[PDB]
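Undergrad: Pasting an experimental structure with its sequence.
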Amino acid sequence: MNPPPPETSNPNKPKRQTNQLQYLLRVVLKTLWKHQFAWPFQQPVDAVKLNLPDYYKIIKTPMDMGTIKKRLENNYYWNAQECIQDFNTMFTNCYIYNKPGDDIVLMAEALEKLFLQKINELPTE
Ligand SMILES: CC(=O)c1c(C)[nH]c(-c2nc3ccc(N4CCN(C)CC4)cc3[nH]2)c1-c1cnn(C)c1
């Protein structure tokens with residue numbers, strides 16, 4: 001069964017827009033979005049559709065680039081580090097639930113390299 005997707009806005013959580021957050025959406029997210037291995041990470045894991053009845057029994061902090069995209073578009077993050085933590089959570093969840101050698105793991109490893117490749121240099125203030 002699928003839990004509700006992660007929130008992309010919160011009236012109690014303060015919003016903020018920075019140069020690095022604009023960079024994280026314009027170049028980081030949107031380039032990773034166009035990678036050939038991006039399709040398994042563009043939406044929350046549908047455990048019912050994907051026949052993964054144990055996914056949310058294991059993953060208690062799910063994350064995907066679709067949620068990250070909407071959060072960046074809604075200025076959900078306070079700074080760039082909070083957004084980067086969502087990217088790291090998405091990758092770590094994939095390595096936690098799956099095993100080395102899986103196609104999904106090779107695809108997450110390729111996106112993670114390109115992710116670190118593009119956050120290596122961020123704009124200043
Ligand atoms: C467990 C795991 O780490 C996974 C993650 C983070 N994501 C997927 C995943 N698998 C998919 C298959 C198809 C699609 N599509 C194609 C059509 N398009 C419209 C978008 C939806 C999206 C998919 N995401 C898996 C996965 C690996 N094994 N399984 C059985 C699921």
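TA: Noted; the coordinates are in hand. Residues are numbered from 1 along each chain as shown.

Undergrad: Around the residue in the chain that the ligand sits nearest to, count how many other residues there are.
TA: The nearest approach of the chain to the ligand comes at residue 40, 3.5 Å away (CB to the nearest ligand atom). In short, each C-beta sits where N, CA and C put it, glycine included. Using other CB atoms under 10 Å, residue 40 is surrounded by 16 other residues.

Undergrad: show me what contacts it?
TA: Shown in contact with residue 40 (CB atoms under 8 Å, 6 or more residues apart in numbering): 104, 107.

Undergrad: now it: how far from residue 77?
TA: 23 Å (CB to CB, to the nearest Å).

Undergrad: Checking the residue of the chain closest to the ligand next. Helix, strand or coil?
TA: Following DSSP: H, G, I helix; E, B strand; the rest coil, we place residue 40 in the helix state.

Undergrad: Would you tell me what the next helix or strand after the helix or strand harbouring residue 86 is?
TA: Taking DSSP states H and E as the definition, one finds residue 86 inside helix 80-97. Downstream of helix 80-97, the next assigned helix or strand under DSSP H and E is helix 103-119.

Undergrad: Please see if that next one touches the ligand.
TA: Yes: Helix 103-119 is in contact with the ligand by CB under 6 Å from any ligand atom, via residue 104.

Undergrad: got a list of contacts for that helix?
TA: Here helix 103-119 makes contact (CB under 8 Å, 6+ apart) with 24, 27-28, 31-32, 35, 37-38, 40-41, 84, 87, 91, 94-95, 98-99.
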